[PDB]
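In this analysis, Cβ positions are derived from the backbone assuming ideal geometry, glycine residues included, and neighbour counts consider all displayed protein chains. Just so you know, all these numbers are worked out from the coordinates, no wet-lab data involved.
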């Protein structure tokens, strides 16, 4: 299967922005646990928020908790990351990821097998 990252763009600090991600392919979505990762120039790729399957448990990286809000729509096979108080530290390329599995902590790259191609998000003052 493949993942398709929607949304993205450059926004002014304090502004909002909503990344979206859809799973294309056929073989059930509710079997997947999904997660948004990001990566800025220089730093390695870190996790931002994930959402387990079989219920919808969500987990967030500290730097984004409170502002970011990940969710899922199994009917539409989509994961959604809602970023509300964007700060310049959020500036990076965000990747969507998937795995037909489960977990109960904020995951790591290691947990997913399917990845999107990345989406540039730029926050400036």
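Look through the stretch 108-125, keep the residues that are assigned to a loop (DSSP other than H, G, I, E, B) and more than 21 Å from residue 91 (Cα to Cα), and return whichever of them is farthest from the chain's Cα centre (by Cα). In this case the residue turns out to be 113.
Among residues of the stretch 42-58 that are over 15 Å from residue 97 (Cβ atoms), those with a beta-carbon under 8 Å from a residue that is surrounded by 16 or more Cβ atoms within 10 Å (Cβ to Cβ) at least six positions away or on a different chain give the pairs 43/92; 56/72; 57/51. Note on the stretch 31-44: among residues that are farther than 15 Å from residue 113 by Cβ and touching a strand residue (DSSP E or B) at 6+ places or on another chain (Cβ under 9 Å), the one that is surrounded by the most Cβ atoms within 10 Å (Cβ to Cβ) is 36.
Scan the stretch 5-30 for residues that are surrounded by 14 or more Cβ atoms within 10 Å (Cβ to Cβ) and either on the phi > 0 side of the Ramachandran plot or assigned to a strand (DSSP E or B) (or both) and the total you get is 12.
Would you point out the residue of the stretch 74-104, among those that are part of a loop (DSSP other than H, G, I, E, B) and within 15 Å of the chain's Cα centre (by Cα), that is surrounded by the most Cβ atoms within 10 Å (Cβ to Cβ)? I'd like the intermediate steps shown before the answer.
Looking only at the stretch 74-104, we keep the residues that are part of a loop (DSSP other than H, G, I, E, B), and these are 74-77, 84-87, 91, 100-104.
So of that shortlist, the ones also within 15 Å of the chain's Cα centre (by Cα) come out as 77, 84, 86, 91.
Values: 77: 21, 84: 14, 86: 23, 91: 18.
Out of the qualifying residues, it is 86.
Can you tell me which residue in the stretch 45-59 is surrounded by the most Cβ atoms within 10 Å (Cβ to Cβ), limited to those that are in a loop (DSSP other than H, G, I, E, B), out of contact with any helix residue (DSSP H, G or I) (no Cβ under 8 Å at 6 or more places or on another chain) and at negative phi? Write out each step before concluding.
If we filter the stretch 45-59 for residues that are in a loop (DSSP other than H, G, I, E, B), which is where we start, we get 45, 52-57.
If we keep only those that are out of contact with any helix residue (DSSP H, G or I) (no Cβ under 8 Å at 6 or more places or on another chain) as well, we get 52, 55-57.
If we keep only those that are at negative phi as well, we get 52, 57.
Values: 52: 20, 57: 14.
The extreme case among them is 52.
If you go through the stretch 105-122, how many residues are farther than 28 Å from residue 14 by Cβ and crowded, with 21+ Cβ neighbours inside 10 Å? Total meeting the criteria: 2.
Taken over the stretch 60-73, the residue count meeting the criterion of being assigned to a loop (DSSP other than H, G, I, E, B) and exposed (fewer than 15 other Cβ atoms within 10 Å of the Cβ) is 2.
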